[PDB]
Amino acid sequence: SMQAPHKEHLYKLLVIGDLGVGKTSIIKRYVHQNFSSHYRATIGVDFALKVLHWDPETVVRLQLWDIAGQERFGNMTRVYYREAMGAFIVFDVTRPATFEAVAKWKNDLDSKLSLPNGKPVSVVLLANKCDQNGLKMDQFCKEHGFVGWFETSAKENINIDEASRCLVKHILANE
């Protein structure tokens, strides 16, 4: 048979952002290679598993937590975030009110979760629905403690493989 991988990683990753920004769609594209325009609102939280053959020696398993957009108005997001090693925070480029919610989610996450060493977790910002300022997005990341941002489309499959690759790169880098 095949030589077993040298190393296998399992990481919990959060997907957060306000109602309808595309959290579920990004996960469905990334994991199941599919999209539909039909809005099925998440109730509480749903889960998916991405297997990355990271290198010939290395598997990375990503336990994706698809959190519903109104969960930040509840009382225990602290439980949702427990043991996560990274997050995507998503907004809808067509609805600027969802961009305002990004800092709300980021502040909620950073207040309730740190790595064992007390460091904040790696977070990438996804500017989603780009199928429907570069410097300013960079400045925003530096001001709010994001490692990166990408324009994404679950519909056209833009930059979702790249954003996830770059987030896992950062999570390994703190190891």
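Throughout, we count residues from 1 along the sequence that is shown.
Asker: Do any residues of the deposited sequence lie unmodelled between residue 132 and residue 133, and which range holds their number: none, 1 to 3, 4 to 9, or 10 or more?
Answerer: Some 4 to 9 residues are missing between them.
Asker: Would you tell me which stretch averages the higher CA B-factor in the PDB entry, 141 to 149 or 47 to 55?
Answerer: On average, C-alpha B-factors are higher across 47 to 55.
Asker: Which has the higher mean CA temperature factor in the PDB entry, 163 to 171 or 19 to 27?
Answerer: For C-alpha atoms only, the mean B-factor is higher in 163 to 171.
Asker: Please say which third, lowest, middle or highest, residue 75 falls into when its CA temperature factor is compared across its chain.
Answerer: Highest third, going by the recorded CA B-factors of the chain.
Asker: Among the chain's modelled residues, which third holds the C-alpha B-factor of residue 107?
Answerer: Lowest third.
Asker: Splitting the chain's C-alpha B-factors into thirds, which one does residue 128 fall into?
Answerer: It belongs to the lowest third of the chain when residues are ordered by C-alpha B-factor.
Asker: Split the chain's modelled residues into thirds by Cα B-factor; is residue 12 in the lowest, middle or highest one?
Answerer: As the PDB entry reports it, the C-alpha B-factor of residue 12 lands in the lowest third of its chain.
Asker: Looking at the temperature factor on the CA atom of residue 115, which third of the chain's modelled residues does it land in?
Answerer: Tercile = highest for this residue's CA B-factor.
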